[PDB]
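Student: Anchor point for the sequence shown: position 29 equals 29 in PDB author numbering, and the numbering is continuous, going up by one each time.
The C-beta atom is built at its ideal place from N, Cα and C for all residues, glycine as well.
Below: one structure in C-alpha cells.
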Amino acid sequence: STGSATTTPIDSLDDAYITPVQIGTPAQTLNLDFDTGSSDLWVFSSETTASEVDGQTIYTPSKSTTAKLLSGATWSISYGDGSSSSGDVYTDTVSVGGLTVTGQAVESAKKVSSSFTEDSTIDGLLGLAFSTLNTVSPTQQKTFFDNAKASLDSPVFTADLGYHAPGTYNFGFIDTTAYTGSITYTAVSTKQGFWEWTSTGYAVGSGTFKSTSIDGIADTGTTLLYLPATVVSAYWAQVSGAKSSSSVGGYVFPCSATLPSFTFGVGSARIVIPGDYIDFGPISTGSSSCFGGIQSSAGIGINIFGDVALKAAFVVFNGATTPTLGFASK
C-alpha cells in the first residue's frame, strides 16, 4: 500500500504545516501537524476542556463506530517550545492520503496548553519519530508509520515541504519526479528516539564550505533551523545590522535586508536554503526588525534541522531495519 497527502502552511510565514487526516467511522477529518520530532498522535476532542478549545476541529469518539477506549491508558507530553497536552486514549481507524491503519492509538486531549488553544489551525499532532518516544502509559503505543510500515510497498515516508506553498507527505514510495539529481542517504542514530544524523558542514552565501560535523535531528514539527552558536554567528555576521536580541529571544535583522543563502552538507552533497526562506518577518506588527530563521541551539541541547532546512529538500525517512535519511535538491 501507499498514501499521499498534501501538507499546507498554516500562515504566510510557514510557521507550521497541516495535513488532513481521517479518523473514525464515519470519517472525521482533522488537520494535524505531522511531527518527525515526536511520537504521539493526539487530537483536540469532545473531551478537551471547553475553555481550551478556540476554533479547532474536534474528534468525537462517541460518534465513531470503530472507536474503542484503550482502558487505563493516559498520555502527557511536553514539547521543546514549552507547550504541552495530556489526556486519555482510544484506538480507531486512521487514514492519511488513502493509507489506512486500523487500531491506531488516537490520544484524546483533556488539556492543552495556551499555545495550542491560540492556534485555531492545528487540530492536533501526528508523530513520526520513533515509537520509543511515545508517551502513552502504562502500555506504550506505536506511531502511524510504525503501524503502517509492514503493509507499505517500501518502509519509507517522504517530506516535501513547500516554501510559502503546499507540499506533500508520501508513505510507502519515493516519487522520482519530486526532486532533481540524486538522493544522498546518510546514517541515523535512533538512540534518542529521533531521526538524528550528522551534517558534514555548511556555507554562508557564496562563501567557502566549512567541513565540520553537525549532529542534529530532522524535525518537521520545528519551524526554524537551530545550529551551534558559532555557525549561527557566522551566518548573521553577513547581514548588516543583524544582532542577537535577548529581549526578542534570538537573532533579528533589518527588514530591509537581502539575506544570504545557507548551505548544509549531506555527505558529499549540498542542500542550499535560499535567503528568503530565512526571513520570518516583523517581530511585531509594523516593526522594521525582522526575526531570523536560523537561530542558536545553545541551551536547547540538540541541533534541529526544522522546516527552514527541510523545505529546501526532498527528504526520505527510511524506516528499514537500519533506518537512514535521504536528502535531494528539488
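1) From this set, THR29, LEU126 and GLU47, which residue's C-alpha is nearest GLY221's C-alpha?
2) Check each candidate in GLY286, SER240, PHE291 and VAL89 and name the one with the smallest Cα separation from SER247.
3) Name the DSSP bridge partner or partners of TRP75?
4) Can you name the residues that DSSP bridges to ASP35?
5) Taking just the CA atoms, how far does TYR185 sit from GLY267?
6) According to DSSP, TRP195 sits in a beta bridge with which residue or residues?
7) Given this structure, state the Cα-to-Cα distance separating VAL136 from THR66, to the nearest angstrom.
8) Once the 5 residues before and after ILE300 are set aside, which same chain residues still bring their CB inside 8 Å of it?
9) Locate the alpha helix (DSSP H) running through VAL316, then write down its first and last residues.
10) For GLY250, write down the residues that DSSP places opposite it in a beta bridge.
11) Among the candidates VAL308, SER297, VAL272 and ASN303, whose CA atom is the shortest distance from the CA of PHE280?
12) Indicate whether the contact test is met: 3 or more Cβ pairs, each with one atom in the stretch 41 to 60 and one in the stretch 23 to 32, closer than 8 Å.
13) What would DSSP say about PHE171, mapped onto helix, strand or coil?
14) By DSSP, does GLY275 sit in helix, in strand, or in coil?
15) Check the DSSP bridge columns for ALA328 and list the partner residues they point to.
16) So if DSSP puts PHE305 in a beta bridge, which residue, or which two residues, is it bridged to?
Tutor: Once the coordinates are examined:
1) Indexing the sequence shown from 1 puts residue 221 at position 221. It is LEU126 whose Cα lies nearest to the Cα of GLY221.
2) Translated into the one-based positions of the sequence shown, residue 247 becomes position 247. Selected option, being the one with the closest Cα: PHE291.
3) On the sequence shown, residue 75 is found 75 positions in, with the first residue counted as 1. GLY87, per the DSSP bridge assignment.
4) Mapped onto the sequence shown, residue 35 falls at position 35. Its beta-bridge partners are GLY127.
5) Indexing the sequence shown from 1 puts residue 267 at position 267. Indexing the sequence shown from 1 puts residue 185 at position 185. Between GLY267 and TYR185, the C-alpha separation is close to 8 Å.
6) Here residue 195 refers to the residue found at position 195 of the sequence shown. DSSP, once it has assigned bridges, lists no residue as partnering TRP195.
7) For this step, residue 136 is matched to residue 136 along the sequence shown. For this step, residue 66 is matched to residue 66 along the sequence shown. Distance between the alpha carbons of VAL136 and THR66: 20 Å.
8) Here residue 300 refers to the residue found at position 300 of the sequence shown. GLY80 and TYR226, listed in sequence order.
9) As a working mapping, residue 316 is identified with position 316 in the sequence shown. Careful: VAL316 lies outside any alpha helix (DSSP H), inside the beta strand (DSSP E) at 314 to 318.
10) Locating residue 250 in the sequence shown gives position 250, where the first residue counts as 1. According to DSSP, which records beta bridges pairwise, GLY250 is partnered with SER245.
11) For the purposes of this step, residue 280 is taken as residue 280 along the sequence shown, with counting starting at 1. Residue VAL308 is the option with its Cα nearest to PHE280.
12) yes
13) Stepping through the sequence shown from its first residue, residue 171 is reached at position 171. Three-state DSSP puts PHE171 in a strand.
14) The residue labelled residue 275 in the question sits at position 275 within the sequence shown. In this structure, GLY275 counts as helix in the three-state DSSP scheme.
15) As a working mapping, residue 328 is identified with position 328 in the sequence shown. According to DSSP, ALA328 bridges with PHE314.
16) As a first step, residue 305 is located in the sequence shown; it is residue number 305 there, counting from the start. Paired residues: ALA218 and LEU225.
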